[PDB]
Amino acid sequence: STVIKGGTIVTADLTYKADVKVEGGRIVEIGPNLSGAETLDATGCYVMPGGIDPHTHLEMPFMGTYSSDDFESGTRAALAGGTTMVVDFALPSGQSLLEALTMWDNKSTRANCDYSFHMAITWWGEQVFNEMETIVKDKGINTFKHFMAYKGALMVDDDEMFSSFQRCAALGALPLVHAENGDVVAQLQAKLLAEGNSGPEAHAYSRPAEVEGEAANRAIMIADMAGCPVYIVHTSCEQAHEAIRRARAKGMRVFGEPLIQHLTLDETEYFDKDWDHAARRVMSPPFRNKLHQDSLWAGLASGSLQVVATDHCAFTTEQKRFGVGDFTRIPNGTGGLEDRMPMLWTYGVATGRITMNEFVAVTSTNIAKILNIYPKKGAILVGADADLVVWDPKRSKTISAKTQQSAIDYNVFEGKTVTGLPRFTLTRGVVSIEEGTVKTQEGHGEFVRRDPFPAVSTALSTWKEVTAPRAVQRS
Amino acid sequence: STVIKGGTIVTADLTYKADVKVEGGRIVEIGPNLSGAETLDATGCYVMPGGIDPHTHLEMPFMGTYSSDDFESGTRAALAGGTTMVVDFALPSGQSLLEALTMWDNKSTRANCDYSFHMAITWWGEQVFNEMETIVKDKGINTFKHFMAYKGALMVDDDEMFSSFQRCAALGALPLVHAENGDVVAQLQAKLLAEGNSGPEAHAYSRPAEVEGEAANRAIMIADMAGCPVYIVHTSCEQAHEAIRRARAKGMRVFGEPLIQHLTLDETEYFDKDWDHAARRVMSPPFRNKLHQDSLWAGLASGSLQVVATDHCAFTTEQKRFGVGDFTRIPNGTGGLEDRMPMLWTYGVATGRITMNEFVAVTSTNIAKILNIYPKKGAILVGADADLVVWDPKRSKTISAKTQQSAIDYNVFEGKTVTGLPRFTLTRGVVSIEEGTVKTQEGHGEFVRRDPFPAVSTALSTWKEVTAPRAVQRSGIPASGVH
Amino acid sequence: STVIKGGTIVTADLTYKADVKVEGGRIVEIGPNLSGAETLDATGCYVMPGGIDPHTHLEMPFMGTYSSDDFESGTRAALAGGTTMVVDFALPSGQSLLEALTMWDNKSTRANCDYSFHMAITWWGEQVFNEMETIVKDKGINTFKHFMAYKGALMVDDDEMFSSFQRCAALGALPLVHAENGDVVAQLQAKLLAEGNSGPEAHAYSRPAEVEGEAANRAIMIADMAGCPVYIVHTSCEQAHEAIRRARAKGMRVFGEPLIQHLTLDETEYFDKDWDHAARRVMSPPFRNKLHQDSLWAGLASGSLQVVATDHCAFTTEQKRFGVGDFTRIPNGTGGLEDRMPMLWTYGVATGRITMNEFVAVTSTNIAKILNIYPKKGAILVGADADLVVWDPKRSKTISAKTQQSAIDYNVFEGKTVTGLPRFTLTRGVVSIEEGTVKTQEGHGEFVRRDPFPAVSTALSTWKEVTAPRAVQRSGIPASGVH
Amino acid sequence: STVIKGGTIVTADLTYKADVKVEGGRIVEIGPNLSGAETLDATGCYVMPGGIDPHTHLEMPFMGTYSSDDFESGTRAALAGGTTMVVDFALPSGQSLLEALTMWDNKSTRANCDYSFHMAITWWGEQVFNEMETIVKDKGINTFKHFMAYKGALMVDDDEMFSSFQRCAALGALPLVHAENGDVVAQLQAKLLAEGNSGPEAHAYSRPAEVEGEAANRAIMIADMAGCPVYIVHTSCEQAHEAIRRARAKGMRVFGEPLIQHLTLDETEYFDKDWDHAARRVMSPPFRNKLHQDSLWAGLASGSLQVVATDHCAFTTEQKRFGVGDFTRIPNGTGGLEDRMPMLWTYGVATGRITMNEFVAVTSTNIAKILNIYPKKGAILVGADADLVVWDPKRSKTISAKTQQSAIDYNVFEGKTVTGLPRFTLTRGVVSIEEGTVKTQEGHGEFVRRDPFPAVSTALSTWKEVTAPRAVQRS
Ligand SMILES: [Zn+2]
Ligand SMILES: [Zn+2]
Ligand SMILES: [Zn+2]
Ligand SMILES: [Zn+2]
Ligand SMILES: [Zn+2]
Ligand SMILES: [Zn+2]
Ligand SMILES: [Zn+2]
Ligand SMILES: [Zn+2]
C-alpha cells in the first residue's frame with residue numbers, strides 16, 4: 001500500500017493530524033502511525049481531497065473553431081494544480097443529445113484523471129424532451145446546461161427554458177445556466193461595431209454587469225416555478241450575486257459558481273495598450289470592475305456561492321487574433337485549470353478570507369455533493385476514491401506561461417506569485433505529480449456516472465406539494 | 001369669473017389658505033378676499049388640483065369583448081371622485097400606430113373631462129419604428145406601452161422591447177410596461193386547466209407575485225441599457241417594488257404606479273364561495289396577499305412609488321361569466337375611477353399614512369410632471385387649467401354599486417366607508433359635480449397634447465454620454481486570418 | 001459492545017445505510033453486518049448524532065424566583081426528545097466569574113447527559129478582564145454571554161461590550177449576545193404600565209421586533225471592530241435575521257440561533273382571553289407575528305441561521321402569576337427541550353423545508369463546530385462519543401403537558417402533533433430512553449471541556465492583520481503648540 | 001424695483017423662462033417682459049432660490065479652541081457661493097439652552113445674510129426637558145441636535161436620546177443626529193495612539209464607516225419608537241445610507257444630509273506625504289473610500305437623501321498643527337460654504353447626475369420644507385423673500401485658497417475646476433455679489449424664526465395613534 005505520512009488532513013468537515021493509507025485506488029485506512037511499503041512525505045503539508053473543477057471546455061467546438069487544450073492537456077494541467085476531476089460540457093448542434101454524448105466519449109480517450117459531462121440543451125423540442133430521460137437514467141448524467149446568451153447559436157428562450165426546467169424537475173436533474181440577457185448583448189454588440197468601437201475592450205462594453213444580474217434573476221424565477229434547484233455558472237458580479245442571495249433568503253435552492261479569474265483578475269486588463277494582452281483575456285462573462293471581487297469572496301465565506309471553477313477554454317494568441325477589427329470574432333475563453341487551487345489558496349486561505357475547510361468545500365466537496373457523487377469524490381473518508389492532493393503551504397512560484405502545462409502560449413495569471421502548491425497529486429491512488437515532476441498516465445481517467453434526485457431536489461419537490469394552491473370548493 | 005372662496009389650498013408643493021379665481025378655463029388669480037360674478041363655497045374644504053388617472057381602458061377591445069365603461073361613463077365616474085383627467089391606452093392590431101390613434105380619437109368624442117393617450121407597441125418592425133417618430137413629434141403622445149404578458153395577444157419579447165426602448169430614448173419618450181413573465185404565465189395557465197383547477201382563484205395561482213418581480217427587474221435592465229427612464233404600471237407586490245427600489249438606489253430613473261385596488265383590497269376576494277364574487281375581481285396582476293399592501297403604501301410615503309392609478313377596465317358580471325369553467329376566459333380587469341381619490345384620502349390621509357401634499361403628488365402632480373404636462377395639469381398656479389376639486393373632508397358615504405357612476409353592475413369597493421368627498425369638481429372651470437349632483441357635459445373634454453424630453457430624460461442622456469465607454473487607442477494591431 | 005442494527009445513518013455530511021458499533025462510550029466501528037453482545041433494532045429508523053441544545057437556563061435565579069426545570073429534569077426532558085447535550089449559562093452576581101462557575105458545577109451534579117457552560121459577563125472591570133483568561137485557558141469554557149437588555153439586572157453597555165469582545169478576540173473565545181435595546185425596552189415598559197396597559201400582551205408591546213433588529217446590528221458592528229465572530233442567540237424576527245444576512249454578505253463571521261418556539265409559535269398566544277394562557281408564553285424576545293417564521297426557516301435552509309435551540313427557562317403557571325397586574329413581573333421564559341427535535345422534524349423535515357442532513361446540521365453538528373467540540377460531539381464517526389438518537393419516522397404523539405418530562409404544569413406546544421420520535425436515545429452509549437420508557441441515570445452526565453481558537457477565529461484574526469490600516473511615513477512633521 | 005431679466009427660472013417644482021421683480025426684499029412679480037428701474041442681466045443664466053446650508057459651525061468653541069470663520073466671514077463665503085442662508089448649531093456646555101441661545105444671538109451681529117440656529121442637546125435632565133418647550137414655543141427654534149460620539153464632551157446615550165426624542169415628538173420638533181458610535185470610537189482612538197499609529201490618517205482609521213452605519217440605524221430605531229421623524233446629519237457612507245433607505249422602505253420618516261466633501265473628495269487625501277495636506281482634511285465623519293460617493297449621489301437622484309450641506313467648520317493650518325503627534329488633537333472640520341453650490345452644479349448638474357430641479361431641491365427647497373420655513377425661504381414664488389442666485393452656467397474658475405472668501409489659508413477643494421458660478425447673489429433683494437465683486441453688508445442678516453409641527457410630524461403622530469397596540473379585554 002501507499003501511505004501519505006506525517007500530514008494534517010483537511011476536509012470540508014474537519015481538520016486533524018493523521019496518515020492516509022491508499023490501496024486499489026481507494027482510501028483504506030486513516031489514523032496515526034500508519035506504515036506502508038511506499039511512503040509519501042506529507043510532513044509540514046495539508047492532505048485534502050483532489051480539486052473538482054466542474055466547468056471545462058476541452059477540445060470544444062466554439063465560435064467557428066476548437067479550443068487549444070484537449071482532454072489530455074486539460075487533465076494534465078488540472079493535476080499539476082491539485083485538481084483530480086473535471087466536468088466538461090457536451091455540446092450538441094438540432095443534433096441529438098445522444099450523438100453529442102458519443103462524440104464527447106470519443107474526445108475523452110486520453111484523460112489523465114477522471115471526468116464527467118454536463119449535457120447542453122442548445123435547442124428545444126420533443127426529441128430533446130425524450131432524450132433527457134435517457135441521459136439521466138441510462139447515461140449517468142444528471143445536469144443540463146442552458147444558455148441565455150449566444151443568440152442564433154446556443155441560446156434558448158423563457159418558454160423553452162421553463163419546459164426544460166420542468167423536465168429536469170421530473171427527472172431529478174439539475175439545470176445549469178449561463179446567465180446573460182442574449183437579446184440585449186446581441187444588440188449592444190451590433191451597436192458598438194456600427195460605432196467603430198470594435199477593439200477587445202468593447203467585448204466588456206457589450207455585456208455590462210446588469211445584463212448578467214438580470215438573466216440570473218430570471219433563471220432563478222423559472223426554476224422556482226418549475227420546482228427544481230438551479231446552478232448559476234460563472235457568477236462574476238455583485239448583480240448576479242445579489243439575485244442569488246435574495247433567492248436564497250427566500251429559501252430558494254440556488255447555487256452559484258465564481259470563477260478564479262473573477263475572484264482575482266479585473267477589467268483593467270482590457271485597457272492595456274498591447275492588443276494581444278487585452279484580447280487574450282476576452283471571455284464571457286468578461287473580467288469585471290475590481291470592486292465586484294469583494295462580493296464574490298464574501299459569498300464563498302458565507303455560503304451564498306459554493307463552488308470555485310475556471311470555465312477552462314484555452315485559445316492560442318493566433319486564435320485570439322481571429323478577432324482583430326471585430327471583438328465578436330475573438331474566441332471567448334481563458335484557461336485556469338492549473339492555477340485555480342494555487343490562486344485560491346494564496347489569495348483566499350493564506351489571507352484568512354476563507355478557512356482551510358471552506359477551501360476544500362469550494363474546491364471539491366460542495367460540487368461533489370451538488371452533482372450527487374459524494375463521498376466517492378470530494379472526500380477523505382475510508383472507501384472514497386484516493387483522489388488526493390498533498391499541499392505544501394511553503395512551495396512557491398511565480399505563475400508563468402514558460403512553465404505551465406497548458407498547450408497555449410500565454411497565461412492570464414502571468415506574474416502572480418503563489419505560495420502553496422501540490423507536493424503530490426494522486427488520481428485514484430496513481431501519483432501523477434511530484435513537485436515539478438509531471439508523470440501523468442494518458443487514458444487513466446474514467447467517466448464518473450452520476451445518479452439523479454439528491455436530497456435537496458427530493459425535499460424541494462415535497463415542499464412544493466405541501467404548498468400547492470388548491471381549488472375553492474363551490475356549489 | 002368664478003371664485004372658489006374660503007378654502008385651504010393644498011398642492012404637492014404647499015398648503016395655505018387662499019381663494020382661487022377662475023376665468024376662461026384657467027386659474028387667473030390666487031389670494032385672499034377675491035370676488036367674482038359666481039362664487040363656490042369652499043369653507044371647511046381643501047382645494048386641490050383635479051386628480052389625473054393615467055391608467056384607463058375605456059371601451060377597450062379585450063378578451064373576446066369590450067370593457068363596459070366608455071369615454072363618457074369613465075370620465076363621468078372620474079369627475080364624481082375628484083379626477084379631472086384620464087390617460088387611456090390606444091391599442092393597435094400588425095395595424096398602424098396611426099390607424100389606432102384615429103380609432104381612439106373617434107372613441108373619445110363624448111369625454112366629460114380632458115384626456116390623453118399612451119400608444120401601445122404590440123408588435124415590432126420598420127413601420128412601427130418610423131411611426132413612433134410621427135406619434136411623438138406630430139401627434140402629442142410621449143409614452144409607449146409594452147406588454148410582457150398576454151402571450152399570443154399583446155405580448156412583445158426582449159428583443160422587440162430593447163429596440164423600442166432605444167427608439168424611446170432617441171425620441172425623448174417614456175416606455176410604460178405591464179411587467180409579468182408572459183411565457184411562464186401561459187404555461188402555468190395551461191397546467192392549471194389540465195389539472196382541473198379552472199376557477200377564478202386559479203387566475204391568481206397562474207401568475208404569482210414572483211413572475212411580476214422578475215419582469216419588472218427585466219424591463220428596468222432593458223431601459224438602463226437603452227438610456228431612457230421606464231414606468232412600471234400597476235406595481236402590485238413587494239417583489240416588483242423591491243426591483244424598483246434596488247434600481248433607484250443605483251440612481252436609475254424608474255417610476256412605479258400602485259393601483260388603489262392593490263393598496264386596499266386583497267386575494268381573499270378570490271376565495272369567496274360565490275363564483276361571481278370571486279370572478280368580478282379577476283384582473284392582471286391579480287389582487288395579492290394583503291401582506292404586500294404595506295410595502296406599496298411605504299413606497300408612496302418615501303417616493304419609490306409616485307403615482308396612484310386604477311387600470312379602469314370594467315366588465316359586467318355577465319361578461320365575467322364568459323369564463324365559467326375556464327378562468328383564462330374571464331375578461332381581466334376591475335374599475336376604480338370614481339373611488340381612487342376617496343379611498344386614498346380615507347385610508348391614506350385620514351390615517352396619517354401620507355400627508356395632504358403627498359396625496360396631491362400621487363393623485364395628480366407627479367404623473368403631470370412624468371408626462372411633461374405640468375403646470376398646465378396637476379397644479380394650482382396662475383395660468384394652470386382650472387381642473388380642480390373642492391374636497392369636503394366631512395362629506396361621507398358607503399361605496400356601493402347602487403349609487404356609482406360606472407356603467408357596470410358591481411363595485412370592487414362595495415361596502416367601504418369613505419369620509420372626504422368632492423363638494424365641487426371643475427374641469428377647465430366647468431362645475432361638473434356639485435355635492436352628488438352630476439352635471440357633466442358630453443364632449444367638453446379635449447385631447448391634451450404632450451411634448452417629449454422632460455428634464456429627467458435629458459439629464460439621463462447626458463449622464464450616459466459622460467460615462468460612455470471609450471475605445472483604447474493602440475498601434476501595430478496584429479495580423480489576423482485563419483492559419 | 002452494543003450494535004445499532006439495520007438503520008440508515010444520517011449526519012450533516014451524508015446519508016447511508018450502516019450499523020454502528022459502540023464500546024466504552026464511543027463509536028468504534030461503522031459498517032454493514034456488524035455484531036455485538038447487545039443489539040438495538042434500528043430497522044426503518046434514522047440513526048443521527050444526539051441533539052445539542054446550547055441554550056438552557058436550568059435552575060436559574062431570575063426575576064425574583066428560579067426556573068423550575070433543573071439539571072436533572074432538563075437533561076431528562078432533553079434525552080426524551082433526542083437531545084444528548086445541553087449548554088447552560090453560568091450567571092454571576094460584581095461576583096467573580098470563578099465563584100459563578102463553582103456554583104454552576106454544584107448545580108449540575110445530577111445531570112442525565114453531558115453538559116457544558118457559557119460564562120455571562122454581567123458587569124465589567126479589571127477582575128472580569130483577568131478572570132476571562134482563567135475561564136478560557138483553565139476552565140474549558142470558550143464562550144461569553146452578554147445581555148443588551150434586562151436593564152438594572154444583567155445588562156452591559158457598548159463600552160463594556162466592546163472591551164469584552166476585544167478580550168474574547170485575544171483569548172480565541174466567542175461572544176454570545178441577547179440582542180434587544182435595553183434602554184428603549186425599560187422606557188416602553190414604564191410607559192405601558194403608566195397607561196394601564198399591564199397585561200401579558202403588553203410584554204410583547206414593550207419590545208417590538210425593531211428593538212431586536214437594532215441591537216443585533218449593533219453587536220455585529222462591535223464584534224467586527226473587535227475582530228471576533230459573534231453569535232446572536234434567539235434570533236426571532238426578520239429585522240434580526242436581515243442584520244445577520246447583511247453582515248454575512250459583507251463576509252462577517254456572524255452566527256444566528258432561531259428558537260423552535262419562534263419557528264412554530266406566534267404572538268396570537270398573547271391575545272388569548274385566558275390570562276394564564278397568555279402569561280405562560282411570556283419570554284424575551286416574545287413570540288412574534290407569524291409572518292416572521294418564514295424568514296427564520298429560510299435562514300436554516302440557506303445557512304444564514306445555523307443553530308436551532310430552545311432557551312429552556314421553565315416556570316409554573318403559579319410562578320407566571322407573580323406578574324398578575326404587572327407584566328414586568330411575569331418571569332420571562334418558556335420550555336422546549338423535549339420538543340425541539342420532534343417539532344423540527346415534523347414541521348421541517350417531513351414538509352421538505354430542510355433535508356435530513358440539514359436537520360442534523362442545525363440540531364447538533366453546527367453548534368458542535370461553533371463551540372469547537374466536533375467531532376467529539378455532533379458526529380457519527382469512529383472515535384466520536386456515542387451520543388446518538390435512533391429516530392423512528394413513524395412513531396407519533398400529540399404533545400401534551402399530561403405526558404411531558406418537564407417539571408412544569410403546561411407545555412407551549414400543547415396539542416401539536418408530531419410524527420417522528422426517538423426509539424432509543426443514547427448518551428455516551430448508555431440507553432436512557434427506549435420508546436417512551438424513561439431510564440435516565442442521574443449524575444451520568446459530565447462537563448464537556450472546550451478549547452479556544454476554532455478555525456473561523458484564527459482565519460478572521462489573519463484577515464484583520466492583512467487588512468490592518470498602516471501609518472504613512474512622513475518627514476519634516478511641522479511645529480505644533482498653541483500660538 | 002429691481003428686475004432680474006431674460007433668465008430661466010429653476011425651482012424644485014418647475015423650470016420656465018420669466019423675469020423676476022423684487023421690491024421691499026420680496027418677490028413681487030414673475031412673468032415675461034417685466035420692467036424695473038434697476039435691471040440685473042440674467043440672459044443665458046438660471047435664476048434659482050438662494051442656497052440654504054443648514055450645517056455650519058461659525059465661531060464655534062470646539063476641541064479646546066474656536067473655528068476661524070465667524071458669522072461675518074462664513075455668511076460672506078456663503079453668498080459668494082450662491083448660498084443666502086445658514087443654520088448654525090447653538091452649543092451649550094450643564095449650561096442652560098437659553099444661555100447658549102443668548103451667546104449665539106451675540107455671535108451673529110455681523111451676519112451678511114439671514115441665519116437660524118439648531119439647539120444642541122449636549123446633556124440630559126429636568127432643566128433640558130423644561131427648556132426645550134421654551135426654545136420651541138418662544139424662541140423660534142424647532143430642531144435639536146444630538147451627538148452619539150464625542151464621548152466625555154457632547155455625547156448622549158440611548159436612554160437620554162429616547163427621552164429627548166419623545167420630548168421632540170410632543171413639541172413638534174425634529175431631532176438631528178451626529179451618528180457615530182462614540183464608545184467604539186473612543187476605544188479605537190486610544191488603541192491606535194497606544195500602538196503609535198498617531199498621524200492624521202489614523203483619525204480615519206479610528207472611526208471606520210461601519211461605526212457611522214450602526215449609529216444611524218440605532219438613531220432611526222429610537223425616533224421610530226418615539227414617533228418623531230429624524231434627520232441624519234453628514235451621511236458619508238453606504239452603510240449610513242443603507243440604514244436610511246431600509247427605514248424609508250418601511251415608511252419611516254428619516255432624512256439624510258450628504259456633505260459636498262463626501263460627494264466629491266475621498267480618504268486618499270489622508271495618505272498624502274505632506275503632513276499639513278492630510279491634517280487639513282481631518283473632520284468627522286472623515287473623508288471615505290471613493291467607492292462610497294456613488295451611493296450618496298444615487299440618494300440625491302432618488303430622494304432617499306434630501307439635503308446637501310457643508311458642516312462648515314474652518315481651522316487655520318496653525319490650528320490643525322495642534323494635533324502634531326496625536327490625531328485626536330487635530331481640530332475636526334473643513335470649510336465648504338462658498339464651494340458647495342459650485343461643486344454640486346459642475347459635478348452633479350453638468351454631468352446629468354441630477355436635474356436642475358433636483359439641484360434646487362437639495363440645495364434650498366428640501367431643507368426649507370424640513371425646517372418648516374417654506375415658502376418664505378427656498379422658493380421662487382410671489383411673496384417669498386428675494387433670496388436669489390443668478391447662476392451663469394458658463395462662468396468658470398479653478399477653486400483656490402488664493403481667491404476664496406474664507407479667512408483660513410487653504411481650501412480642501414484647491415485645484416478643482418468649476419463651470420457655473422453666481423453672476424449675482426441677492427439676500428432679501430440686496431445684491432451682495434456681482435461676479436467677482438463682493439459687496440456684502442455686515443449686519444444685514446436677520447434671525448429666521450421657525451414654527452413646530454410641519455405636516456410630516458402631524459401625519460406621523462396620527463399614524464402612530466391608528467396603530468397603537470391595545471390591551472386585551474379579559475374577565
Ligand atoms: Zn458560459
Ligand atoms: Zn463555460
Ligand atoms: Zn396591465
Ligand atoms: Zn392596464
Ligand atoms: Zn436571552
Ligand atoms: Zn436565554
Ligand atoms: Zn457632526
Ligand atoms: Zn457638524
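Computed from heavy atoms alone, side chains included, the values below leave out hydrogens, waters and symmetry copies. Within every chain, numbering begins at 1; the chains are lettered A, B, ... in the order of the sequence lines, protein sequences first and strands thereafter.
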Before giving the answer on ring pair (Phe, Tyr, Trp, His ring centres under 6.0 Å), spell out for A/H178 and A/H234 the whole-Å C-alpha distance, their side-chain angles and the decisive distance to 0.1 Å.
CA-CA 7 Å; A/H178 172 113; A/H234 53 51; 4.5 Å; yes
Go through the steps for A/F322 and A/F315 under the test ring pair (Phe, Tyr, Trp, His ring centres under 6.0 Å), then give the verdict.
CA-CA 11 Å; A/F322 289 171; A/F315 297 97; 8.3 Å; no
Take A/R288 and A/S236 through the test side chain to side chain donor-acceptor pair (under 3.5 Å) and record every step on the way to the result.
CA-CA 7 Å; A/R288 301 295 194 188; A/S236 79; 2.8 Å; yes
Starting from the C-alpha separation in whole Å, work towards a yes-or-no answer on side chain to side chain donor-acceptor pair (under 3.5 Å) for A/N142 and A/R450.
CA-CA 6 Å; A/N142 57 18; A/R450 325 195 297 272; 2.9 Å; yes
Would A/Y115 and A/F71 count as a ring pair (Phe, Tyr, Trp, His ring centres under 6.0 Å) if you check the C-alpha gap in whole Å, the side-chain angles of each, and the deciding distance to 0.1 Å?
CA-CA 9 Å; A/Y115 63 91; A/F71 266 77; 5.8 Å; yes
Steps toward side chain to side chain donor-acceptor pair (under 3.5 Å) verdict (C/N357, C/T15)
CA-CA 7 Å; C/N357 307 104; C/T15 293; 2.9 Å; yes
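A/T425 places a side-chain N or O within donor-acceptor distance of the main-chain N or O of A/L79, the cut-off being under 3.5 Å. A donor-acceptor pair under 3.5 Å links the side-chain atoms of A/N332 to the main chain of A/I330, judged by distance alone. Here the side chain of A/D385 pairs no donor or acceptor atom with the backbone of A/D387 at under 3.5 angstrom.
Counting only N and O atoms by type, the side chains of A/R449 and A/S116 include no donor and acceptor under 3.5 Å apart. A donor-acceptor contact closer than 3.5 angstrom is absent between the side chains of A/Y66 and A/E59. Donor-acceptor pairing under 3.5 Å is recorded for the side chains of A/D311 and A/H57. Counting only N and O atoms by type, the side chains of A/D41 and A/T43 include a donor and acceptor under 3.5 Å apart. There is a side-chain donor-acceptor pair under 3.5 Å between A/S400 and A/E414.
A/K416 NZ: 12 or fewer foreign heavy atoms inside a 6.0 Å radius. For A/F447, the CZ atom is densely surrounded, since the number of other residues' heavy atoms within 6.0 Å is greater than 12.
Paired with A/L58 under the rule side chain to side chain contact (heavy atoms under 4.5 Å, CB included), one option of A/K107, A/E72, A/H312 passes, and it is A/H312. Each of C/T365, C/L14, C/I27 was checked for a side chain to side chain contact (heavy atoms under 4.5 Å, CB included) with C/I380, and the lone residue meeting it is C/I27.
The closest side-chain heavy-atom distance from A/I399 to A/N411 is below 4.5 Å. Residues A/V28 and A/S1 have side chains not in contact (no heavy-atom distance under 4.5 Å, counting atoms from C-beta outward).
Residues A/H55 and A/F89 place their aromatic rings such that the two centres sit under 6.0 Å apart.
For the pair A/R280 and A/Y410, the cation-pi criterion (under 6.0 Å, within 45° of the ring axis) is fulfilled.
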